[PDB]
**Student:** 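Structure below; questions to follow.
FYI, side chains are in, hydrogens and waters are out, and symmetry mates aren't considered; it's all heavy atoms of this structure. Residue numbers begin at 1 in each chain, while the letters A, B, ... track the order of the sequences.
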Amino acid sequence: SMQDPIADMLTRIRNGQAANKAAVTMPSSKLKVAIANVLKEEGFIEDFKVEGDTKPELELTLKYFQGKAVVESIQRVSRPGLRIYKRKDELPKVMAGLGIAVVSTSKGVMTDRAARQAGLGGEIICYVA
Amino acid sequence: XXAXXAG
Amino acid sequence: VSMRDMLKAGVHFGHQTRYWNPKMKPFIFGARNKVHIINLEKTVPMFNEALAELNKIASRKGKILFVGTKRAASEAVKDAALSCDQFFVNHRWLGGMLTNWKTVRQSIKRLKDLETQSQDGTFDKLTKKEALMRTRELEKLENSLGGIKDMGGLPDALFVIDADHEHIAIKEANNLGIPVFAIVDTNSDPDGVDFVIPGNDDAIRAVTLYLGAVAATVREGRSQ
Amino acid sequence: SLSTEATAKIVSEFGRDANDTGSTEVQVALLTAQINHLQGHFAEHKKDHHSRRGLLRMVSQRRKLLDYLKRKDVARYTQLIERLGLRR
RNA sequence: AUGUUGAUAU
RNA sequence: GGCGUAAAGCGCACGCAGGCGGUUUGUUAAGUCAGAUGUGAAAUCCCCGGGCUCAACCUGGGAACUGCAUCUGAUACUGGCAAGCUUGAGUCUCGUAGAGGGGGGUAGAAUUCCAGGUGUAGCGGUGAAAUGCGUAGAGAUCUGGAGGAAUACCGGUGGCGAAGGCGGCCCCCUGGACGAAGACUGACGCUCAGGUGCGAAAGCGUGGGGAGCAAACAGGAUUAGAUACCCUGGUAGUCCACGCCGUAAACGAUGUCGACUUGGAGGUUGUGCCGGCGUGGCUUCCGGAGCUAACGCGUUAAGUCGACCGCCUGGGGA
Ligand SMILES: [K+]
Ligand SMILES: [Mg+2]
Ligand SMILES: [Mg+2]
Ligand SMILES: [Mg+2]
Ligand SMILES: [Mg+2]
Ligand SMILES: [Mg+2]
Ligand SMILES: [Mg+2]
Ligand SMILES: [Mg+2]
Ligand SMILES: [Mg+2]
Ligand SMILES: [Mg+2]
Ligand SMILES: [Mg+2]
Ligand SMILES: [Mg+2]
Ligand SMILES: [Mg+2]
Ligand SMILES: [Mg+2]
Ligand SMILES: [Mg+2]
Ligand SMILES: [Mg+2]
Ligand SMILES: [Mg+2]
Ligand SMILES: [Mg+2]
Ligand SMILES: [Mg+2]
Ligand SMILES: [Mg+2]
Ligand SMILES: [Mg+2]
Ligand SMILES: [Mg+2]
């Protein structure tokens with residue numbers, strides 16, 4: 001059964017990028033939208049939009065630069081079978097800081113940069129590079 | 001056999 | 001180029017839908033009678049910027065090479081190339097024409113040697129059969145290497161009818177970083193091609209249109 | 001399978017409505033009707049192993065719905081197992 | 001139809 | 001780190017414990033995170049110094065001791081509790097195809113045997129033979145009868161089933177799958193160590209049956225031999241009932257569930273709109289990206305991911 005919707009979102013992006021899809025559409029959720037913001041603000045995706053009430057559908061618009069897809073990699077890190085939580089001092093630098101780790105902190109979802117600045121650790125959702 | 005060949 | 005010319009010429013007609021390349025999905029308008037119709041609204045703009053860069057290469061004294069070995073589109077290609085004062089391959093492309101130019105260069109010199117021998121009257125010296133071999137040897141070298149005999153080196157761009165049929169030429173042109181301009185029909189793969197021109201590669205009327213235009217624009221480049 | 005009539009009788013008995021086919025009580029009641037009906041079949045047909053795999057699916061499904069109902073509403077569970085006459 | 005085998009090291 | 005072929009997917013399922021868990025709101029603060037305090041002996045290690053002629057060695061101060069506990073906050077995520085929701089899962093209605101299963105009955109073709117007619121010297125068998133059968137009348141041919149087993153054609157890289165498997169026709173009992181319209185329940189789910197069930201063929205037990213076939217066995221050949229292959233016979237067995245066994249190259253040598261990711265040509269089975277145009281299920285072949293040691297796999301993945309289980313760790317010994 002479906003037991004990790006985040007991994008499913010990351011996979012929809014990963015696959016959609018590989019397939020040169022313009023946009024990818026998943027079922028929405030608060031946490032998915034929260035991640036979509038971080039990917040938007042850091043400039044990995046172009047835009048997103050939720051649509052619907054009973055069954056909302058998130059819809060990420062994907063970026064390509066010089067032909068190539070912008071999301072080089074995108075890896076689930078914390079997963080249901082093994083949760084990863086890091087303290088502020090032990091937050092991961094993805095691709096020597098050129099990529100992001102999306103971190104759920106007590107003050108919401110954010111990059112590991114933003115979490116270092118805010119002085120928070122938390123659950124490491126994914127790496128992006 | 002032959003108490004041990006190819007000729 | 002005009003769009004009324006295209007739909008008159010039959011540039012819109014692709015292959016049967018079963019024979020399509022999925023990578024031509026952007027350029028395909030739809031399907032009529034289980035045959036893909038090429039979107040001419042894509043063709044015309046793409047062909048203009050194709051005709052633009054060919055003119056630009058022509059204006060820089062570039063050697064265009066007109067490749068098209070299909071039976072119908074053979075003599076079209078030679079007429080277009082010679083009218084433009086440019087080079088062509090209108091029969092079987094020799095594998096390694098460009099990538100192995102250093103070798104193929106030598107077979108040019110043979111074609112040059114045999115024709116200089118022919119007009120001198122060197123064939124009268126040898127004993128009939130020996131001359132008839134040389135006649136046949138000249139004939140085969142003319143068919144293969146006739147269009148590029150005076151080319152002198154590697155070309156500055158390829159113009160190609162049918163990107164599938166001439167996949168070897170394109171793969172060589174990619175290898176050497178020579179720009180490829182190519183007519184890419186619905187069955188064909190556009191990925192090697194540097195300037196895709198989505199159009200009917202089969203019909204002579206379509207072929208003459210494209211060739212006439214590139215002949216004109218490159219000739220206009222050589223003028224200015 | 002259970003007849004259209006016999007199905008509908010159970011829907012009316014156990015449902016909140018005549019159209020309440022989905023309810024846990026109706027589902028469990030329907031399974032119980034067919035499990036009980038098939039006891040006669042398997043008494044005769046002891047080596048009908050292929051059909052019995054269907055019976056044991058009903059038995060399993062019913063166990064899952066009763067374990068659902070019990071933790072959802074202990075009272076509704078206690079009423080249901082009394083009416084249908086189940087140990088648990 | 002049938003119709004075996006080829007000493008040791010190199 | 002692996003498990004199509006190198007070692008590795010349980011034969012297949014159901015399922016308890018366990019692991020994992022769609023979506024919305026509130027609440028809690030266990031996990032998690034933040035801060036503080038106490039503690040983490042000294043030595044050792046590390047850093048900057050000092051002292052023995054140097055060094056080893058000795059030694060000052062730090063850093064470190066990644067830990068533990070307590071208190072106080074944070075509340076995104078995970079967990080708990082409460083209330084929802086319908087998209088996962090399931091129920092109902094109508095229909096469809098099917099060698100799905102169990103039970104009972106029956107039909108026609110053929111083999112063998114039995115009885116009788118006609119008929120006469122061979123038949124049968126093989127590479128060639130011989131054993132064998134035959135004048136006590138075979139073989140062949142015709143009529144009648146008995147009995148068992150299996151269902152030609154249809155028949156199809158067709159269908160159904162969890163797997164093993166399932167094939168004449170008829171009826172009785174019965175399981176699943178699929179589709180179309182809604183309606184209904186409201187996460188009721190996925191996986192599953194141990195457990196339980198099913199599980200080809202051979203085999204075993206008890207009682208039946210026994211045409212054909214055929215381990216063993218016998219004879220005839222072949223051969224250097226021939227405990228074989230070939231031939232003539234032939235018993236268990238193969239068949240039925242009930243019970244047991246629990247294994248197979250039980251194979252796709254590919255665990256189950258879910259999501260996602262260019263195409264082409266079929267097969268089969270629904271269905272909608274009007275021969276065409278869609279839309280579901282299952283399935284065969286090719287092939288793209290990608291993957292792969294390669295072979296190949298390729299939307300039915302061996303691609304891209306998640307959950308849980310099983311299993312592997314050189315060859316042999318085993
Ligand atoms: K010997
Ligand atoms: Mg049912
Ligand atoms: Mg030998
Ligand atoms: Mg290994
Ligand atoms: Mg092996
Ligand atoms: Mg193996
Ligand atoms: Mg298996
Ligand atoms: Mg199960
Ligand atoms: Mg959850
Ligand atoms: Mg706490
Ligand atoms: Mg000193
Ligand atoms: Mg010290
Ligand atoms: Mg200490
Ligand atoms: Mg919660
Ligand atoms: Mg087990
Ligand atoms: Mg048996
Ligand atoms: Mg027996
Ligand atoms: Mg017996
Ligand atoms: Mg025999
Ligand atoms: Mg085994
Ligand atoms: Mg296996
Ligand atoms: Mg393939």
Side-chain angles (χ1 to χ4, degrees), chain A residues 1-21 24 26-31 34 52-57 74-76 78-81 83-90 103-110 115 118-125, chain B, chain C residues 16-23 25 189, chain D residues 1 4 7-8 10-11 15-31 34 37-38 40-42 44-61 63-69 71-72:
Chain A
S1 67
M2 170 56 71
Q3 302 179 15
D4 192 0
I6 301 310
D8 182 57
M9 163 171 67
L10 307 185
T11 289
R12 283 166 183 257
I13 297 157
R14 194 182 314 101
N15 295 3
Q17 287 270 251
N20 292 306
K21 304 293 279 279
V24 290
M26 49 244 61
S28 199
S29 71
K30 292 319 302 173
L31 180 57
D53 39 56
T54 314
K55 281 82 61 55
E57 291 285 300
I74 179 165
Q75 318 170 15
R76 194 70 164 113
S78 184
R79 53 184 180 72
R83 298 288 182 180
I84 308 295
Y85 310 101
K86 294 297 193 193
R87 291 184 289 197
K88 66 166 266 62
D89 56 306
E90 301 167 357
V103 185
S104 180
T105 71
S106 64
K107 304 298 182 190
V109 173
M110 59 178 74
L120 300 178
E123 184 164 349
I124 308 300
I125 296 177
Chain C
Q16 298 180 21
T17 52
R18 58 146 64 198
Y19 297 130
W20 85 315
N21 196 312
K23 297 184 200 167
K25 177 167 63 184
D189 169 48
Chain D
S1 304
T4 308
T7 307
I10 297 160
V11 172
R16 276 76 77 177
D17 198 288
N19 293 10
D20 188 14
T21 59
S23 54
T24 305
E25 286 81 347
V26 163
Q27 287 196 65
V28 166
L30 284 172
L31 292 176
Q34 189 53 216
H37 174 70
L38 288 171
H41 172 82
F42 288 105
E44 183 171 357
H45 300 290
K46 296 191 182 69
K47 318 309 183 293
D48 185 4
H49 291 308
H50 286 58
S51 296
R52 190 178 282 112
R53 195 169 102 105
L55 174 65
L56 296 165
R57 183 173 143 184
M58 296 165 203
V59 167
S60 292
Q61 186 168 308
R63 184 65 275 165
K64 281 167 174 174
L65 289 169
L66 285 171
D67 291 350
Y68 173 67
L69 187 63
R71 69 185 166 68
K72 161 143 280 187

**Student:** So what does D:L69 touch, heavy atoms closer than 4.0 Å: a base, only the sugar-phosphate, or nothing?
**Tutor:**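 Counting heavy atoms under 4.0 Å across all strands, no contact is made by D:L69.
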**Student:** Please write out each protein N/O paired with an N/O of nucleotides 285-288 of chain F under 3.5 Å, distance rounded to 0.1 Å.
**Tutor:**
none

**Student:** May I ask which nucleotide in the shown strands pairs with F:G288, Watson-Crick or G-U wobble, both distances under 3.5 Å?
**Tutor:**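 With both distances under 3.5 Å required, F:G288 matches none.
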**Student:** Taking the side chain of D:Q27 as heavy atoms from C-beta outward, which of F:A259, F:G90, F:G176 is closest to it?
**Tutor:**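 Shortest atom-to-atom distance from the side chain points to F:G90.
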**Student:** Quick test of your reading: by the Watson-Crick or G-U wobble rule with a 3.5 Å threshold, is F:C12 paired to F:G195?
**Tutor:**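 No, F:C12 does not pair with F:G195.
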**Student:** Reading RNA chain E 5' to 3', how would its secondary structure be written in dot-bracket notation, given Watson-Crick and G-U pairs with both distances under 3.5 Å, brackets [ ] for crossing pairs and | for partners on other strands?
**Tutor:** ..........
**Student:** Is F:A241 the Watson-Crick or G-U wobble partner of F:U206, both distances being under 3.5 Å?
**Tutor:**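 Given the Watson-Crick and G-U criteria, F:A241 is paired with F:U206.
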**Student:** Identify which nucleotide among F:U78, F:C260, F:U86 has an atom closest to any side-chain atom of A:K55, counting heavy atoms from C-beta outward.
**Tutor:**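 For the A:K55 side chain, the nearest candidate turns out to be F:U86.
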**Student:** Given Watson-Crick or G-U wobble geometry and both distances below 3.5 Å as the test, should F:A140 and F:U23 count as paired?
**Tutor:**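 As far as the geometry goes, F:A140 and F:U23 are not base-paired to each other.
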**Student:** Pick the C1' atom in F:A138 and in F:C123, then give their distance to the nearest Å.
**Tutor:**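 About 7 Å, rounded to a whole number of Å.
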**Student:** Does F:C123 have a Watson-Crick or wobble partner in any strand here, with both distances under 3.5 angstrom, and which is it?
**Tutor:**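 By the stated definition (distances under 3.5 Å), F:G132 pairs with F:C123.
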**Student:** Can F:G49 and F:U313 be counted as a Watson-Crick or G-U wobble pair, both distances below 3.5 Å?
**Tutor:**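 Pairing fails for F:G49 and F:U313, missing the Watson-Crick or G-U definition.
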**Student:** Please determine whether F:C204 and F:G243 constitute a Watson-Crick or G-U wobble pair, defined by two donor-acceptor distances each under 3.5 Å.
**Tutor:**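 Both donor-acceptor distances below 3.5 Å, so yes.
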**Student:** Extract from the structure each pairing of a protein N or O with an N or O of nucleotides 305-311 of chain F at less than 3.5 Å, listing the distance.
**Tutor:**
from, atom 1, to, atom 2, distance (Å)
F:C305, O5', A:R14, NH1, 3.2
F:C305, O2', A:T11, OG1, 3.0
F:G306, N2, A:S1, O, 3.0
F:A307, OP1, A:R79, NH1, 2.8
F:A307, OP1, A:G81, N, 2.8
F:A307, OP2, A:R79, NH1, 3.4
F:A307, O4', A:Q3, OE1, 3.1
F:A307, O2', A:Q3, OE1, 2.6

**Student:** Consider the side chain of C:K25, meaning its heavy atoms from C-beta on, and name the nucleotide among F:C77, F:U262, F:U93 that approaches it most closely.
**Tutor:**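 So the side chain of C:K25 is nearest to F:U262.
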**Student:** Measure from the side-chain heavy atoms of D:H49 and tell me the nearest of F:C94, F:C198, F:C260.
**Tutor:**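 Nearest to the side-chain atoms of D:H49, counting from C-beta on, is F:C198.
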**Student:** Mind checking D:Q34 for me? I need base, sugar-phosphate or nothing, with any heavy atom below 4.0 Å counting as a touch.
**Tutor:**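 Result for D:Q34 = sugar-phosphate.
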**Student:** What nucleic acid atoms does D:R57 come within less than 4.0 Å of, heavy atoms only: base, sugar-phosphate, or nothing?
**Tutor:**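 Sugar-phosphate only.
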**Student:** What interatomic distance, in whole Å, is found between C1' of F:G205 and the corresponding atom of F:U143?
**Tutor:**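 The answer is 47 Å between these two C1' atoms.
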**Student:** Counting only Watson-Crick and G-U wobble pairs, both distances under 3.5 Å, are F:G237 and F:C213 paired?
**Tutor:**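 Check passed, canonical or wobble pair found.
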**Student:** Is it true that D:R63 and D:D67 have a side-chain N and a carboxylate O under 4.0 angstrom from each other?
**Tutor:**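 Here D:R63 pairs with D:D67 in a salt bridge, since their nearest N and O are under 4.0 Å apart.
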**Student:** Does any nucleotide pair with F:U106 by Watson-Crick or G-U wobble geometry, both distances under 3.5 Å, and what is it?
**Tutor:**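 Its partner is F:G168 (Watson-Crick or G-U wobble, both distances under 3.5 Å).
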**Student:** Please evaluate the base of F:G100 for a donor-acceptor partner in the side chain of D:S51 within a cut-off of under 3.5 Å?
**Tutor:**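 Such a pair is found, so the answer is yes.
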**Student:** Starting the side chain at C-beta, find the nucleotide from F:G101, F:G15, F:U93 nearest to D:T4.
**Tutor:**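 Nearest to the side-chain atoms of D:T4, counting from C-beta on, is F:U93.
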**Student:** For F:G18, give its Watson-Crick or G-U wobble partner with both distances under 3.5 Å, or none.
**Tutor:**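 Looking at the geometry, F:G18 pairs with F:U191.
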**Student:** Per the atom types in the model, does the base of F:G31 pair as donor or acceptor with the side chain of A:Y85 at under 3.5 Å?
**Tutor:**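 Under the 3.5 Å cut-off, the side chain and the base do form a donor-acceptor pair.
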**Student:** Checking all strands, does A:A18 fall into the base, sugar-phosphate, or nothing category for heavy-atom contacts under 4.0 angstrom?
**Tutor:**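 The answer is nothing, as A:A18 stays clear of every strand by at least 4.0 Å.
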**Student:** Less than 3.5 Å apart, any donor N or O on the side chain of A:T11 or A:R14 sitting next to an acceptor on the other?
**Tutor:**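 There is such a pair between these side chains.
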**Student:** Salt-bridged, D:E25 to D:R16, with N to O below 4.0 Å?
**Tutor:**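 Yes.
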**Student:** If the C1' atom of F:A187 is compared with that of F:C178, how far apart are they to the nearest Å?
**Tutor:**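 The answer is 25 Å between these two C1' atoms.
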**Student:** Taking only the P atom of each, what is the distance from F:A200 to F:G176 in whole angstrom?
**Tutor:**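 Comparing P positions in F:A200 and F:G176 gives a spacing of 23 Å.
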**Student:** Determine, using purine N1 to pyrimidine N3 plus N6-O4 or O6-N4 for Watson-Crick, or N1-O2 and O6-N3 for G-U wobble, whether F:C92 and F:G182 pair with both distances under 3.5 Å.
**Tutor:**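 Under the 3.5 Å cut-off on both distances, the two nucleotides are paired.
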**Student:** What's the closest nucleotide to the side chain of D:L30 if the choices are F:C190, F:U91, F:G35?
**Tutor:**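 Within the option list, the nearest is F:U91.
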**Student:** Would you mind pulling out the nucleotide paired to F:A63, Watson-Crick or G-U wobble, both distances under 3.5 Å?
**Tutor:**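 Pairing partner: none.
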**Student:** Does a donor on one side chain and an acceptor on the other come within less than 3.5 Å for D:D20 and D:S23?
**Tutor:**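 Side-chain D/A pair, D:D20 to D:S23: present.
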**Student:** Just call it for D:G22: base, sugar-phosphate, or nothing, with non-hydrogen atoms closer than 4.0 Å on any strand.
**Tutor:**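 If one applies the 4.0 Å heavy-atom cut-off, D:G22 turns out to touch a base.
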**Student:** Under a 3.5 Å cut-off for both distances, is F:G31 Watson-Crick or wobble paired, and to whom?
**Tutor:**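 In the structure as shown, F:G31 has F:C77 as its Watson-Crick or wobble partner.
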**Student:** Need one value for A:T54: base, sugar-phosphate or nothing, where a base atom within 4.0 Å counts as base even if backbone is also close, heavy atoms only.
**Tutor:**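 Base contact.
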**Student:** Say you pick atom P in F:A253 and the same atom in F:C297; how far apart are they, in whole Å?
**Tutor:**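 These two P atoms come out 10 Å apart once rounded.
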**Student:** F:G26 and F:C3, Watson-Crick or G-U wobble pair at under 3.5 Å for both distances?
**Tutor:**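 Not paired: F:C3 with F:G26 fails the WC/G-U check at 3.5 Å.
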**Student:** Does F:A97 pair with anything, Watson-Crick or G-U wobble, both distances under 3.5 Å, and if so, with which nucleotide?
**Tutor:**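 Checking every strand shown, F:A97 finds no partner, since no pair has both distances under 3.5 Å.
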**Student:** The side chain of D:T21 is closest to which nucleotide in this list: F:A187, F:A183, F:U24?
**Tutor:**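 Ranking F:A187, F:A183, F:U24 by closest atom to the D:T21 side chain puts F:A183 first.
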**Student:** Is F:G179 the Watson-Crick or G-U wobble partner of F:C94, both distances being under 3.5 Å?
**Tutor:**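 Here the two bases pair.
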**Student:** Taking the purine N1 to pyrimidine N3 distance and the second Watson-Crick contact, or the two G-U wobble contacts, each under 3.5 Å, tell whether F:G205 pairs with F:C242.
**Tutor:**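 Yes; the pair between F:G205 and F:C242 satisfies the definition, which requires both distances under 3.5 Å.
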**Student:** Within the 4.0 Å heavy-atom criterion, would you say A:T105 contacts the bases, only the backbone, or no part of the nucleic acid?
**Tutor:**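 Counting heavy atoms under 4.0 Å across all strands, the contact made by A:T105 includes a base.
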**Student:** Taking the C1' atom in each of F:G203 and F:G237, what is the distance between them to the nearest angstrom?
**Tutor:**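 The answer is 10 Å between these two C1' atoms.
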**Student:** Under a 3.5 Å cut-off for both contacts, is F:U143 paired Watson-Crick or G-U wobble with anything, and if yes, with which nucleotide?
**Tutor:**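 Partner of F:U143: F:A115.
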**Student:** Would you classify D:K46 as touching base, sugar-phosphate or nothing, given that sugar-phosphate means primed atoms plus P, OP1 and OP2, and contacts are heavy atoms under 4.0 Å?
**Tutor:**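 Touches nothing.
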